[PDB]
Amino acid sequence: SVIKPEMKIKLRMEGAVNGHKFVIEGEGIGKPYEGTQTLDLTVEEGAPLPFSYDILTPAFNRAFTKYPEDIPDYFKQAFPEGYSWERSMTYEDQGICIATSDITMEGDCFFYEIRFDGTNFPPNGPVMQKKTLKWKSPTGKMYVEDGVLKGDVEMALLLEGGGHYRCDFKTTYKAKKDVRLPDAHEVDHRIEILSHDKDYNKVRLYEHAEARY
């Protein structure tokens, strides 16, 4: 396979949230067959970010998923050519984000070109007031609709003071070439900010992910 036991990551995200433009760059490494990865992220433009960093982190690659051999791996099959995704993230207080990522590969390194846009977050809401702690770890569903791979997951951010803040994720995936399509299945994720500086200009981000029926 062209996916090595260890793969590097390089990315660039450009976007805007409630009109505030930003650019974030990332460099990392992961073990695709183990489903693990770590990213170091740097706010290159638009610092300091006036919104919760947590809304960004699921945008920062399902190739880093442990797939059982009896479930076809859409994401590892898509390389070297790559794949893209389109995602809507609909929060319970009418804040909405939409994002896209084009994922390519050159040598032992993935490259992401990410666009992230968000709007209509309440000014005194948990996102613009930075009251989010971390994402819960729900199980997401993967399924195919007329030859296209889709994902749906009901997400939630834990809040300061003990509450939770929900978000509906819908993703569409597109391999550059035809690959074996999997039957419907699930993916477990855990995503965590391991470290950050005061205003999250620097962030170290970790994900573990595993597929199952």
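For every residue, the number given is its place in the sequence shown, counted from 1. Between two forms, the rigid core is the largest collection of C-alphas that superpose within 1.5 Å.
Superposing the other copies on the rigid core and comparing 147-155 to 66-74, farther C-alpha placement in 4 other deposited structures of this protein marks 147-155. The modelled chain breaks after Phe60 and resumes at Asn61, leaving 1 to 3 residues of the deposited sequence without coordinates. Of the two segments, 74-82 and 127-135, the one listed with the higher mean B-factor is 74-82 (C-alpha atoms only). Stretch comparison (140-148 versus 169-177) by mean CA B-factor in the PDB entry places 140-148 on top. In the PDB entry, a CA B factor belonging to the lowest third of its chain's modelled residues is recorded for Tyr91. The PDB entry assigns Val43 a C-alpha temperature factor belonging to the highest third of its chain's modelled residues. Compared with the other modelled residues of the chain, the Cα B-factor recorded for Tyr53 ranks in the lowest third. When the modelled residues of the chain are ordered by C-alpha B-factor, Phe121 sits in the lowest third.
Among the modelled residues of the chain, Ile24 sits in the highest third by CA temperature factor in this PDB entry.
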